[PDB]
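Asker: Sharing a structure here in structure tokens format.
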Amino acid sequence: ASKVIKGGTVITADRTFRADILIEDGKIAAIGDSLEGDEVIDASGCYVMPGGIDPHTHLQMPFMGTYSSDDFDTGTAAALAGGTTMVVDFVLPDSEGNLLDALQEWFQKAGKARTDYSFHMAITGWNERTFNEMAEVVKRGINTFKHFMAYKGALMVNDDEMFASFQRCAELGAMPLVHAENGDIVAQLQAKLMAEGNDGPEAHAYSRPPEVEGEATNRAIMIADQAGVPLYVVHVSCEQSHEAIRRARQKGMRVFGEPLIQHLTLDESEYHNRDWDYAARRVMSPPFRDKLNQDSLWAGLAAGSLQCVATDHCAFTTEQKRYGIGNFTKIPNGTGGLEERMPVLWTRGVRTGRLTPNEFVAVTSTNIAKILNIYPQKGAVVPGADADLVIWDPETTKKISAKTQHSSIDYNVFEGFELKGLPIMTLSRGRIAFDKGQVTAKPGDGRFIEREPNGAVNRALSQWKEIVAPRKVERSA
Amino acid sequence: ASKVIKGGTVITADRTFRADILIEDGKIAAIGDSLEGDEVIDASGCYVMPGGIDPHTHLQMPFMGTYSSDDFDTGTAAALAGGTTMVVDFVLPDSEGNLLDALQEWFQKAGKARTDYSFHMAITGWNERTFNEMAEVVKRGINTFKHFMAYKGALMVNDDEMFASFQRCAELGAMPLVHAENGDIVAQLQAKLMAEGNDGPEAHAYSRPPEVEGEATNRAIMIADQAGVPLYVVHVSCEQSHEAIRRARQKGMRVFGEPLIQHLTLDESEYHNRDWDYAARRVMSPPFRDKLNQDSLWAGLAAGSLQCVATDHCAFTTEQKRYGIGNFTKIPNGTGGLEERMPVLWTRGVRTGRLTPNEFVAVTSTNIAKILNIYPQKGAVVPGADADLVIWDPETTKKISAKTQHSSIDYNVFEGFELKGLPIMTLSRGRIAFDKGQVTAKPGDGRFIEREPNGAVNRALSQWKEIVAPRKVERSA
Amino acid sequence: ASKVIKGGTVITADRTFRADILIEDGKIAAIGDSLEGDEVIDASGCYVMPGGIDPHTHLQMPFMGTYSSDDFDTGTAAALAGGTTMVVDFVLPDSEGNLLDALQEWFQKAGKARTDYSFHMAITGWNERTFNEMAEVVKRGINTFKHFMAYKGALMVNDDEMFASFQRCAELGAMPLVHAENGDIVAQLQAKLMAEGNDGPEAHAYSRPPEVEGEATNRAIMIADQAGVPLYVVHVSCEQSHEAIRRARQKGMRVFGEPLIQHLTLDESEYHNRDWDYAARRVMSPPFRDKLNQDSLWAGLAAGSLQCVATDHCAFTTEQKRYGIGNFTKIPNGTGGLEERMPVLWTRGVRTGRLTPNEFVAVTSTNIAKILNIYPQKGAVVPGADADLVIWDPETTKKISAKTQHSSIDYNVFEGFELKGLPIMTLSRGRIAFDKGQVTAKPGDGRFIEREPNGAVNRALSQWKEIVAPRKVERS
Amino acid sequence: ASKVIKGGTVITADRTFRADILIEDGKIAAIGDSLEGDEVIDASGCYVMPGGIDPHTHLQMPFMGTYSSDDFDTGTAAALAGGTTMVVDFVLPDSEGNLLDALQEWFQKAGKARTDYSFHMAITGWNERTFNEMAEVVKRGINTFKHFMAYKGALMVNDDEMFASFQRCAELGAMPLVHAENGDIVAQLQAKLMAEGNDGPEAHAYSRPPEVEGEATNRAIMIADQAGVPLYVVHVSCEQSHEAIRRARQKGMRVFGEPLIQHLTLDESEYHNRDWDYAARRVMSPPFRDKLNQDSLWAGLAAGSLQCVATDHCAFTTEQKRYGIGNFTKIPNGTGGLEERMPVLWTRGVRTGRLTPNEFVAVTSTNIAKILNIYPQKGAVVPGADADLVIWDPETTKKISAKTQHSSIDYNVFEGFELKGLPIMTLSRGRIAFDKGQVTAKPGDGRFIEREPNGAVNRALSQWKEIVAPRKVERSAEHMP
Ligand SMILES: [Zn+2]
Ligand SMILES: [Zn+2]
Ligand SMILES: [Zn+2]
Ligand SMILES: [Zn+2]
Ligand SMILES: [Zn+2]
Ligand SMILES: [Zn+2]
Ligand SMILES: [Zn+2]
Ligand SMILES: [Zn+2]
């Protein structure tokens, strides 16, 4: 039974045009002037875009013997209600390198996904087991490996481990991701701040100022380039890390950057709210920054030095945040934004002219699809693509509120944002997944998306590195 | 009578995939797994790409009562043999502002074109007539206006004129192009050099060092941004001008940059060749630069801070170059590259891994088509696009030589370049235009391509300027 | 009759040390542990620094058939009360190039000076007379020529004229100064804002945003470097112009930058004050900028990418400012800061640790003395130097107020600034010029300081340009 | 017995002027138009400048159970013959942190010094002993601590150790120095190149390309600025590390940079010379770089973003260099330049107009004197200063050659440099220490120069950090959960 989306205006990363869309067997069958189908969906007056891909989520993430509050069920509901049809989550193995066991456990979690998903595999140590299982992980359809330069004593790896891992990535045709903050300096700053009685939520930001992110970003870049592999920097929050990426790209290094919607539109003044709960709720890493940083990130999206908007979705209830009363290091880090990502970006970015509608599509789905090597299966409006689509009414308005959010927690860091232009229908592989304010996709409707290694940028870089490889001088006896 | 291109691998700016291409009525009718057509073109083992678009040509350009040696006939022949299916030439009006008259004169020239073409309209003065005829020029399908900051006493405009013209561009939804060298400093350096007996071809480069281009680029950007209109900088030849563009883009300014294939692969040491003819042949503006500048331009293409490769094709005979014997200011400026642009870029860029094949397509056709607002009619492999296509054999080799070039002049500045990967067939709106080393397109086969004003980037920028427009302070009596 | 300053701590651009200073015949005769002299000045608990040099003033400047309200009398009074012992003013000739005639008129103005002074010569056009008279100006002891890239129809020169003039500067061993704003773009923005009814004081700032200054700074640098002459950019107000200077210097170009004390400590929010008078009073060029720019300028001073703090002192009464009611282009541009420069810089810069005390001396006197080629006659505490000195009590406090200022106008843009550490005595060539809150130097006490052309940086740059000069290829 | 230097032209960092100089009791007694003294030294037609200060030497440095070949005797002879009157060497303790024991050993080495000297104290690990002895090291008159980010398994410290040490420096009013190369990445590149048979001298440069230095520079700066202490980056060899310093200074961070005379005038093409010995002799860390980097360093000296020229003097014989035949990682790292520093800089920098003569004085003595807090005792021509002076004949010429050098090794990486303008006499505390090509100062004539902590820049930075220190938000119980 086919669907035809009629009367809409298609917006993709490359063009905007009036067209009908015929959907058969979960895929786009045809795009053209007048199409017929068994079931008609009216998109008159609306835009039709690829469903959003959010490459950065932490659904049901383990914390202190419990979990974050949004799991793959409520998380994907929030995603769908915001026009996002795919999430990419981070698998977190132990330092022993039980990558495959951790993967199995994340598959169990993701069984509740209401829409399609994939994984990044984190690397939280280095040893022979880790080295071997990375090969198998790539065979299972995961082509990215996430590294933490912070979280000393938990997730952190050092330069030595990171270089070996990046080289293994290069070898497998995978691409490293990095959380770039200097973990040694943050740990000492945390301890010093706590020792001085500087223990409130605002001190979380004090313990990891922008220079600490800027440095680690620069270092991760050096190591990836030495290893001959592209690098993806997650949650680029400030001018210091953005500058490191621009400078690397101008040297011809292959580096991608991902600003969070939070860092595009929220700022550190939130931590100076007189209410402890209010300030603690906004604690995440990297923290909200000086507002001046926002323009840098926006300009990067427009200039192409930053490519993907994400949310780092990790939602905790007020009760969970309160674990850090009297100690900011015990406030669970994370704010949720899955539902808010595309709508906030549309109002703040497209309606203001900071982004063309086409750039909007590029930085919400198409770019990350290309970067993770699943374009055009995802992030595309072309025949043969998965029919993951959002129907966007440019005229509808709302005020963001915790009272109406699909996320399970009791607050919303975008509380009060005035929006115009909203997702009114979301389709996941041709199925109506969100409609008339209701999430219609059921838990288990989502499936794992396998990804192939050795994307175009990996291959070009490897070829170039071979060209410029330094050679031994031939010397007579 | 339809054509089907079978067995090939399609490369576009966004993806690479095996597919057949059905062509009907000069357009791409279908793209898919197995297609049939009246006539079969075998593309087994080959890549199929959008035909190149070269936005920077000067065919049959007036110089000293004569003309450049390549006209629209030989010019488009060379283009087609090099996989380029469209050229964009510059109409050069008198300073009185006889834009429409100049346009008619250029249509007469382009009657000989063998493949499709369009125009930029130059603005060489400022007055009421110019202001008025700009509106009429836009109605006739030209949405770009070219400005010269150098060539004092002939083409040059000042800051005042340039600002007025840019504001008019903003109003009409057109985009200014700029030749950015400081004309006043250049004229004085020329005169000082001649007065000192420094009168050889190498002194042309001396008379306009990179700082002179860097300054003018920076100034034109300021003025475009103040007028609220995007800016396209032609022939970005050096790091100083590239740096100005990167810095502007990081401020959120809408600026495009165009490196010439000459400046990517050739350098100023050519001017120090002992043979006068050899050095003079290479004289153009901006001149060939210190070789160190090339890596900057290549990185710009990979990073997206530069978007389009062109040739500034303006070919003169050795006899014409010799008009400047004893006086370098009288050496006609220009080198030809229409045929060599895509082949040299492929060998130097794709085969080395500096550019992915998709980036190659982006910077040889798709980007400029989008920028000139003619995507997807041109620069696309999508249904409904003009069937302007090149069939590329990645294994064929040749050495570039004047003896085999299609340009009418007696030398080739890319002489001796070893290539691998060549255009073996070129189609212009579904017609075989180049095949088996022969240009099969006839003079008059080319048609003028009209362009609409107010593309997406123009619209976004105007919207943004309105939002940040400074407001009067309300003061009570 | 000798003077000895006893018990103080000397602070110079290069060091800090306890020493007595013996003054004879208007000069520093000796510096050492224990000295005696005919007359004793007690500097116990105080710092002794070279008197400030403000390289940027416009005293009795011609405007609209009148003049600015602070002349060389009240202006040097203000300077002295702020620890500044020398001003450098701008001679403004007509565009016909009557440089010598204008110079004579400025000598008449400066007859009222209470402390020493020198001149910059502005170049407001280009022609044979201008080219010729520049040589004679250099012979008269002025080794700097000021160029305006803004003020279209009045002071402005174009790239062609500026290049010719800069080449003439190089030839004479002079150094160009530049007011860098794009005059063509500013004139058009002014007209547009006025046509749109955007006619308040705030639109003055709107008519010349930072990008316009950044561009012109960048262009002027290119032209000086092509001419092979060092360049001095006056009133670097924003990160865009500062960036152009840093980038140029890293290319090995010889460029100096001068942030005004206003742009270090005041910002554009002043223009949005609801009171029209309040906002109009702060109108100057370049305008007060977004506060974010302050950090860039401060860092430049500490890093050495900016070398001299000045005031661009050009004072108008409220009545004069009101000439621009309903039309911001008619508000006379300028604020006064002569008295406030060193004291504000001390509190905001030294007491905060943004500048070491030695850096404070460098950016208020020694650097500009060196740049204008009058070191160590001025800006120094060495034997043989002019005894131009300020005795600074680091503990005394005050709140800046128009009620206590020596400037003749009725307001103070630094109103309410809380200070600690103040000039308590100022000496000009050994004469007590400021003491007990009173200016004791008389009008006419000031003397013209002549300057030699061809300073060290001019000579080094010329030598280098000769080394790297492009040569003809020898062809049979 | 007084000396008067007559007829010369004084050049200092701040001015150039004709003056006589009267010297009494090892110090400058007076400067003026015509002075009289017991013994007259004729400086007619010559310049008189502060004697050079080279803040970066490794004389008789321990390596592989032996030592580098220039000790404090021949090292200081070389210095003096090049117009340099003071060297600053690096004390190298074991990782256990036996700083005082190491200091005593270095005093034994420096007993042979012919001209004055001082020390930097290296920190090669972190622990309680190290923390404690740093305080005593500062009390002995050493106010700098050197950190190595490279030389893994030998001298290297990590970010954690470096941050603790930088904070201790801040506390004591000391200033850290850093050798900034990423040691972990260098060690892995070394192993990779060796495994691939890329084992020649040129592969030394391959194993630590400029990005590896630029990264570590950027990192050391971040850490120093977080600790609230100024940082001195030794041997800034390339644009990447130079850019990191410029960017940091523009953020208002207090960072100094030191380009070596080698990196200003020599380049990596030397490693591709066909002769193994020739290439290996030039091996040092950081290696000679792409020639393009030179202009960046020269501009930094002229712009003030780099402040001091040094040599990293560490001299090995050809026989010692040959320890690395078949394995570039075993080639002892270091080249000598003590004698060549000021003369090469004068010809390449002053005679070309890249530096004014005054800037030449700044970057060869006065800046480092100020930075190490011993101005005006050293690096100055003012009354009361130590009479450490060089008399410079701007017209005399020579070509640098191993056959005439005062360094003890058998080659010279500045071989063939054509010079004009040379020191013809060097005075150390008023004693003629070098004259007419002869080193006249004897071993033991040099004395240790004590330095005080808490220089002006340290104090200003600490004050600024206090001003901008982030404060706890005051929250009433009304606003608490
Ligand atoms: Zn993270
Ligand atoms: Zn995360
Ligand atoms: Zn051109
Ligand atoms: Zn052209
Ligand atoms: Zn001005
Ligand atoms: Zn002024
Ligand atoms: Zn070292
Ligand atoms: Zn060393």
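Simple scheme: letters A, B, ... for chains in structure tokens order, numbers from 1 for residues in each chain, numbers from 1 for ligands in the order shown.
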Let me have all residues with an atom within 12 Å of ligand 4, counting only C-alpha atoms and all ligand atoms, laid out as a PDB file with N, CA and C atoms, in the first residue's frame.

Answerer:
ATOM      1  N   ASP B  54      32.462  26.621 -16.394  1.00  0.00           N
ATOM      2  CA  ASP B  54      33.541  27.563 -16.147  1.00  0.00           C
ATOM      3  C   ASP B  54      32.991  28.991 -16.100  1.00  0.00           C
ATOM      4  N   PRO B  55      32.906  29.581 -14.902  1.00  0.00           N
ATOM      5  CA  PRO B  55      32.237  30.875 -14.740  1.00  0.00           C
ATOM      6  C   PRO B  55      33.096  32.077 -15.119  1.00  0.00           C
ATOM      7  N   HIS B  56      34.245  31.835 -15.734  1.00  0.00           N
ATOM      8  CA  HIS B  56      35.189  32.926 -15.919  1.00  0.00           C
ATOM      9  C   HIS B  56      35.920  32.801 -17.240  1.00  0.00           C
ATOM     10  N   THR B  57      35.341  33.393 -18.277  1.00  0.00           N
ATOM     11  CA  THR B  57      35.954  33.385 -19.596  1.00  0.00           C
ATOM     12  C   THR B  57      35.904  34.778 -20.234  1.00  0.00           C
ATOM     13  N   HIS B  58      36.803  35.005 -21.179  1.00  0.00           N
ATOM     14  CA  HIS B  58      36.852  36.243 -21.946  1.00  0.00           C
ATOM     15  C   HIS B  58      37.078  35.893 -23.405  1.00  0.00           C
ATOM     16  N   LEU B  59      36.043  35.390 -24.061  1.00  0.00           N
ATOM     17  CA  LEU B  59      36.167  34.956 -25.438  1.00  0.00           C
ATOM     18  C   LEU B  59      35.940  36.120 -26.398  1.00  0.00           C
ATOM     19  N   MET B  61      37.567  38.792 -26.555  1.00  0.00           N
ATOM     20  CA  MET B  61      37.582  40.008 -25.760  1.00  0.00           C
ATOM     21  C   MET B  61      38.350  41.087 -26.482  1.00  0.00           C
ATOM     22  N   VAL B  88      30.782  31.062 -18.711  1.00  0.00           N
ATOM     23  CA  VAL B  88      30.148  32.339 -18.407  1.00  0.00           C
ATOM     24  C   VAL B  88      31.139  33.457 -18.688  1.00  0.00           C
ATOM     25  N   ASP B  89      30.779  34.332 -19.628  1.00  0.00           N
ATOM     26  CA  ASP B  89      31.671  35.366 -20.128  1.00  0.00           C
ATOM     27  C   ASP B  89      31.317  36.712 -19.515  1.00  0.00           C
ATOM     28  N   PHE B  90      32.206  37.685 -19.659  1.00  0.00           N
ATOM     29  CA  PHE B  90      31.987  39.008 -19.089  1.00  0.00           C
ATOM     30  C   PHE B  90      31.691  40.044 -20.159  1.00  0.00           C
ATOM     31  N   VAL B  91      30.498  40.630 -20.100  1.00  0.00           N
ATOM     32  CA  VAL B  91      30.147  41.738 -20.982  1.00  0.00           C
ATOM     33  C   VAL B  91      30.877  42.984 -20.485  1.00  0.00           C
ATOM     34  N   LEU B  92      31.585  43.680 -21.371  1.00  0.00           N
ATOM     35  CA  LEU B  92      32.343  44.862 -20.960  1.00  0.00           C
ATOM     36  C   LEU B  92      31.781  46.104 -21.628  1.00  0.00           C
ATOM     37  N   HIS B 120      28.145  37.470 -17.268  1.00  0.00           N
ATOM     38  CA  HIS B 120      28.186  38.426 -16.179  1.00  0.00           C
ATOM     39  C   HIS B 120      28.178  39.794 -16.846  1.00  0.00           C
ATOM     40  N   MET B 121      27.525  40.777 -16.235  1.00  0.00           N
ATOM     41  CA  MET B 121      27.599  42.145 -16.753  1.00  0.00           C
ATOM     42  C   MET B 121      28.600  42.997 -15.963  1.00  0.00           C
ATOM     43  N   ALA B 122      29.652  43.466 -16.628  1.00  0.00           N
ATOM     44  CA  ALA B 122      30.605  44.358 -15.959  1.00  0.00           C
ATOM     45  C   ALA B 122      30.010  45.749 -15.805  1.00  0.00           C
ATOM     46  N   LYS B 146      29.969  42.493 -12.490  1.00  0.00           N
ATOM     47  CA  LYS B 146      31.363  42.367 -12.258  1.00  0.00           C
ATOM     48  C   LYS B 146      31.957  43.743 -12.068  1.00  0.00           C
ATOM     49  N   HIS B 147      32.843  43.884 -11.083  1.00  0.00           N
ATOM     50  CA  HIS B 147      33.511  45.162 -10.794  1.00  0.00           C
ATOM     51  C   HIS B 147      35.037  45.005 -10.789  1.00  0.00           C
ATOM     52  N   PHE B 148      35.724  45.986 -11.361  1.00  0.00           N
ATOM     53  CA  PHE B 148      37.180  46.000 -11.404  1.00  0.00           C
ATOM     54  C   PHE B 148      37.736  47.064 -10.469  1.00  0.00           C
ATOM     55  N   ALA B 150      41.068  47.283 -10.184  1.00  0.00           N
ATOM     56  CA  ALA B 150      42.281  47.659 -10.890  1.00  0.00           C
ATOM     57  C   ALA B 150      41.962  48.101 -12.317  1.00  0.00           C
ATOM     58  N   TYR B 151      42.996  48.124 -13.157  1.00  0.00           N
ATOM     59  CA  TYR B 151      42.924  48.652 -14.523  1.00  0.00           C
ATOM     60  C   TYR B 151      42.452  50.098 -14.532  1.00  0.00           C
ATOM     61  N   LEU B 155      38.875  50.262 -16.762  1.00  0.00           N
ATOM     62  CA  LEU B 155      37.732  49.540 -16.185  1.00  0.00           C
ATOM     63  C   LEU B 155      37.456  49.875 -14.719  1.00  0.00           C
ATOM     64  N   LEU B 177      30.351  40.555  -8.562  1.00  0.00           N
ATOM     65  CA  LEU B 177      31.637  39.872  -8.672  1.00  0.00           C
ATOM     66  C   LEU B 177      32.715  40.941  -8.599  1.00  0.00           C
ATOM     67  N   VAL B 178      33.904  40.587  -8.118  1.00  0.00           N
ATOM     68  CA  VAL B 178      34.961  41.595  -8.066  1.00  0.00           C
ATOM     69  C   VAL B 178      36.333  41.050  -8.467  1.00  0.00           C
ATOM     70  N   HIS B 179      37.006  41.821  -9.317  1.00  0.00           N
ATOM     71  CA  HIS B 179      38.428  41.671  -9.569  1.00  0.00           C
ATOM     72  C   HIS B 179      39.137  42.556  -8.538  1.00  0.00           C
ATOM     73  N   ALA B 180      39.761  41.934  -7.545  1.00  0.00           N
ATOM     74  CA  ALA B 180      40.234  42.665  -6.390  1.00  0.00           C
ATOM     75  C   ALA B 180      41.753  42.821  -6.370  1.00  0.00           C
ATOM     76  N   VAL B 233      34.365  36.681  -5.203  1.00  0.00           N
ATOM     77  CA  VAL B 233      35.706  37.143  -5.544  1.00  0.00           C
ATOM     78  C   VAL B 233      36.298  36.245  -6.622  1.00  0.00           C
ATOM     79  N   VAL B 234      36.541  36.795  -7.811  1.00  0.00           N
ATOM     80  CA  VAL B 234      37.110  36.003  -8.907  1.00  0.00           C
ATOM     81  C   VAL B 234      38.614  35.850  -8.733  1.00  0.00           C
ATOM     82  N   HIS B 235      39.146  34.772  -9.307  1.00  0.00           N
ATOM     83  CA  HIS B 235      40.582  34.450  -9.301  1.00  0.00           C
ATOM     84  C   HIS B 235      41.298  34.827  -8.006  1.00  0.00           C
ATOM     85  N   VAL B 236      40.937  34.116  -6.937  1.00  0.00           N
ATOM     86  CA  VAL B 236      41.652  34.181  -5.669  1.00  0.00           C
ATOM     87  C   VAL B 236      42.982  33.464  -5.858  1.00  0.00           C
ATOM     88  N   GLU B 258      36.944  32.114  -5.871  1.00  0.00           N
ATOM     89  CA  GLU B 258      37.204  31.311  -7.061  1.00  0.00           C
ATOM     90  C   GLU B 258      38.706  31.186  -7.402  1.00  0.00           C
ATOM     91  N   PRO B 259      39.353  30.063  -7.031  1.00  0.00           N
ATOM     92  CA  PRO B 259      40.742  29.917  -7.494  1.00  0.00           C
ATOM     93  C   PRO B 259      40.834  29.389  -8.936  1.00  0.00           C
ATOM     94  N   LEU B 260      41.719  29.976  -9.735  1.00  0.00           N
ATOM     95  CA  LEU B 260      41.956  29.504 -11.099  1.00  0.00           C
ATOM     96  C   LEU B 260      42.843  28.266 -11.116  1.00  0.00           C
ATOM     97  N   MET B 284      49.431  37.344 -16.814  1.00  0.00           N
ATOM     98  CA  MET B 284      47.994  37.500 -16.596  1.00  0.00           C
ATOM     99  C   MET B 284      47.786  38.183 -15.255  1.00  0.00           C
ATOM    100  N   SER B 285      46.552  38.581 -14.959  1.00  0.00           N
ATOM    101  CA  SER B 285      46.255  39.244 -13.688  1.00  0.00           C
ATOM    102  C   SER B 285      45.079  38.582 -12.996  1.00  0.00           C
ATOM    103  N   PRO B 286      45.276  38.153 -11.734  1.00  0.00           N
ATOM    104  CA  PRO B 286      46.536  38.240 -10.974  1.00  0.00           C
ATOM    105  C   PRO B 286      47.617  37.339 -11.547  1.00  0.00           C
ATOM    106  N   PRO B 287      48.887  37.720 -11.373  1.00  0.00           N
ATOM    107  CA  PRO B 287      49.960  36.934 -11.989  1.00  0.00           C
ATOM    108  C   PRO B 287      50.126  35.606 -11.263  1.00  0.00           C
ATOM    109  N   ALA B 310      37.978  27.977 -11.885  1.00  0.00           N
ATOM    110  CA  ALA B 310      37.728  28.578 -13.195  1.00  0.00           C
ATOM    111  C   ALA B 310      39.046  28.745 -13.943  1.00  0.00           C
ATOM    112  N   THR B 311      39.017  29.403 -15.098  1.00  0.00           N
ATOM    113  CA  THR B 311      40.239  29.575 -15.879  1.00  0.00           C
ATOM    114  C   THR B 311      40.573  31.018 -16.246  1.00  0.00           C
ATOM    115  N   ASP B 312      39.587  31.915 -16.174  1.00  0.00           N
ATOM    116  CA  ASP B 312      39.776  33.291 -16.627  1.00  0.00           C
ATOM    117  C   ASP B 312      40.260  33.241 -18.074  1.00  0.00           C
ATOM    118  N   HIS B 313      39.648  32.370 -18.869  1.00  0.00           N
ATOM    119  CA  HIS B 313      40.195  32.077 -20.189  1.00  0.00           C
ATOM    120  C   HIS B 313      40.246  33.280 -21.119  1.00  0.00           C
ATOM    121  N   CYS B 314      41.466  33.706 -21.413  1.00  0.00           N
ATOM    122  CA  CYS B 314      41.697  34.831 -22.289  1.00  0.00           C
ATOM    123  C   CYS B 314      42.998  34.571 -23.026  1.00  0.00           C
ATOM    124  N   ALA B 315      42.887  34.066 -24.251  1.00  0.00           N
ATOM    125  CA  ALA B 315      44.033  33.540 -24.972  1.00  0.00           C
ATOM    126  C   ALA B 315      44.568  34.514 -26.024  1.00  0.00           C
ATOM    127  N   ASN B 333      47.231  40.730 -21.030  1.00  0.00           N
ATOM    128  CA  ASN B 333      47.109  39.839 -19.883  1.00  0.00           C
ATOM    129  C   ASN B 333      46.183  38.680 -20.179  1.00  0.00           C
ATOM    130  N   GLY B 334      46.657  37.467 -19.938  1.00  0.00           N
ATOM    131  CA  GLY B 334      45.784  36.314 -20.002  1.00  0.00           C
ATOM    132  C   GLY B 334      46.459  35.045 -20.466  1.00  0.00           C
ATOM    133  N   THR B 335      46.005  33.938 -19.900  1.00  0.00           N
ATOM    134  CA  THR B 335      46.398  32.614 -20.340  1.00  0.00           C
ATOM    135  C   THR B 335      45.118  31.816 -20.586  1.00  0.00           C
ATOM    136  N   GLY B 336      45.207  30.776 -21.403  1.00  0.00           N
ATOM    137  CA  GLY B 336      44.033  29.965 -21.673  1.00  0.00           C
ATOM    138  C   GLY B 336      44.064  28.726 -20.803  1.00  0.00           C
TER     139      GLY B 336
END

Asker: Counting only C-alpha atoms, what is within 9 Å of residue 152 (chain D), bar same-chain residues fewer than 2 positions away, as a list in words?

Answerer: residues 148, 149, 150, 154, 155, 156, 157, 183, 184, 186 and 187 of chain D

Asker: Looking at D:118, D:188, D:2, D:124, which one is nearest to residue 160 (chain A), with distances taken over only C-alpha atoms?

Answerer: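 Ranking D:118, D:188, D:2, D:124 by distance to residue 160 (chain A), first place goes to D:188.
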
Asker: In region 166-397 of chain B, what's helix (DSSP H, G or I) per DSSP? Answer as a PyMOL selection string?

Answerer: chain B and resi 166-172+183-195+202-206+210-227+239-250+261-265+268-272+276-281+293-303+318-324+328-330+341-350+357-371

Asker: Residues of chain D were defined as contacting chain A if any atom lay at most 6 Å from it, counting only C-alpha atoms; please report them as a list in words.

Answerer: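 Close to chain A, chain D has residues 160, 184, 198, 215, 219, 274, 472, 475, 479 and 480 of chain D.
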
Asker: Dump as a tab-separated table the rows for residues of chain C within 6 Å of chain B: closest atom pair and distance in Å with one decimal, only C-alpha atoms counted, ordered by chain and rising residue number.

Answerer:
residue	atom	partner	partner_atom	distance
C:160	CA	B:184	CA	5.3
C:184	CA	B:160	CA	5.3
C:198	CA	B:472	CA	5.5
C:215	CA	B:219	CA	5.7
C:219	CA	B:215	CA	5.7
C:274	CA	B:475	CA	5.7
C:472	CA	B:198	CA	5.4
C:475	CA	B:274	CA	6.0

Asker: Within 10 Å of ligand 8 (counting only C-alpha atoms and all ligand atoms), which residues show up? I'd like them as an MDAnalysis selection string.

Answerer: chainID D and resid 55:58 89:90 146 148 178:179 234:235 284:286 310:314 333:334

Asker: Dump the neighbourhood of ligand 5 as an NGL selection string: all residues within 10 Å, distances computed on only C-alpha atoms and all ligand atoms.

Answerer: :C and (56-58 or 90 or 146-151 or 177-181 or 233-236 or 284-286 or 312 or 314 or 333-334)

Asker: List every residue of chain D that has an atom at most 6 Å from any atom of chain C, and for each one report the closest atom pair and its distance in Å to one decimal, counting only C-alpha atoms, with rows sorted by chain and then by increasing residue number, as JSON lines.

Answerer:
{"residue": "D:249", "atom": "CA", "partner": "C:303", "partner_atom": "CA", "distance": 5.7}
{"residue": "D:250", "atom": "CA", "partner": "C:299", "partner_atom": "CA", "distance": 5.4}
{"residue": "D:252", "atom": "CA", "partner": "C:299", "partner_atom": "CA", "distance": 4.6}
{"residue": "D:299", "atom": "CA", "partner": "C:252", "partner_atom": "CA", "distance": 4.7}
{"residue": "D:303", "atom": "CA", "partner": "C:249", "partner_atom": "CA", "distance": 5.7}
{"residue": "D:352", "atom": "CA", "partner": "C:464", "partner_atom": "CA", "distance": 5.5}
{"residue": "D:353", "atom": "CA", "partner": "C:460", "partner_atom": "CA", "distance": 4.1}
{"residue": "D:356", "atom": "CA", "partner": "C:460", "partner_atom": "CA", "distance": 5.8}
{"residue": "D:460", "atom": "CA", "partner": "C:353", "partner_atom": "CA", "distance": 4.1}
{"residue": "D:463", "atom": "CA", "partner": "C:353", "partner_atom": "CA", "distance": 5.2}
{"residue": "D:464", "atom": "CA", "partner": "C:353", "partner_atom": "CA", "distance": 4.7}
